[PDB]
């Protein structure tokens, strides 16, 4: 084998997360949003938006789009005026810059040298460019120019699971390989003024926030330097039955526009157990309540119905609900925060593993397709 393969399973070797500094309280967002878009007279619409915010499960979100930025780019504050170029001017720098913030933290925890990074896997939903955010991230961090890159533009909310799936095969098939798995999201491509005829707009405006997470992934950890946090044992995905059209997203002259023509929480709840039953098997099929649950917090409804359908104890979804609460829906980056939050809860409560006492757990994303992405991890001991 002309490029020698690695021996052990892929491991998460370090985690880093990052958010823009400005915070937006959900209890105050309807006034700010409808004012900055000059729609404050639309009382009935604002009341509807408030209902959505009140049901969202979100306390605050981080966003680069401050009052100053929005006043400086009025095109983004319209409903459908052509604005894609001013949108890309914001996200082309912020998306890799935020990723670099998170990547420095992940490398610090890992303990290795930046010059030993061999691969980058990068997901986003926030605009596109040539060369891509992967290339920018390599420059910002001063990586070696021979770094091997996989740039997954335009994924939607399953992309965090995607980067860990791809990193697994890259780390497992290349002796010595150390991968940066990256997901970074900035809401400037999707932001727009509220409208009575765009209800999916209303929901996105209540849910989406900014953030980035990156993991260092690698097989065969050097014992004198590297400490694995999680092992990756299985990765797969499926398209759910009769889900055509559930989530559509079109990049247009006015930015990214979503249309949701099916019951997404219902589609996932009705189908998740059959597929999760398959993922369990290669690790001996533990019971749902013997596992940890790093679930993408697309919204409170999806977390609730999965909790009920599987009869999970209330602590299982707490990691996900914490992230929803403090950061909202950061699209592909969210699930990376969730796993991190489960690790932190484990340390704070003195559990025996970094999966809150459980040995195996799920790392789950979903999005357009309707696509369900699932990985199975093993948690390290908490020493």
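Residue numbers count along the first chain shown, from 1.
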(request) Look over 346-354 and 318-326 in the entry and identify the one with the greater average Cα temperature factor. (result) 346-354
(request) Using only the Cα atoms and their B-factors as the entry lists them, report which of 162-170 and 79-87 averages higher. (result) 79-87
(request) For the C-alpha B-factor as written in the entry, point me to the maximum among 246, 256, 138, 180. (result) 246
(request) Can you pull the Cα B-factors for 105, 309, 148, 192 from the entry and say which is highest? (result) 309
(request) Sort the modelled residues of this chain by their C-alpha B factor and say whether residue 113 lands in the lowest, middle or highest third. (result) highest
(request) Give the position of residue 292 by CA B-factor within its chain, expressed as the lowest, middle or highest third. (result) highest
(request) Just say lowest, middle or highest third for the CA B-factor of residue 61 relative to the other modelled residues in its chain. (result) lowest
(message) For the chain shown, is the CA B-factor of residue 70 in the lowest, middle or highest third of its modelled residues?
(response) highest
(request) Would you mind ranking residue 374 by its C-alpha B-factor against the rest of the chain and naming the third, lowest, middle or highest? (result) lowest
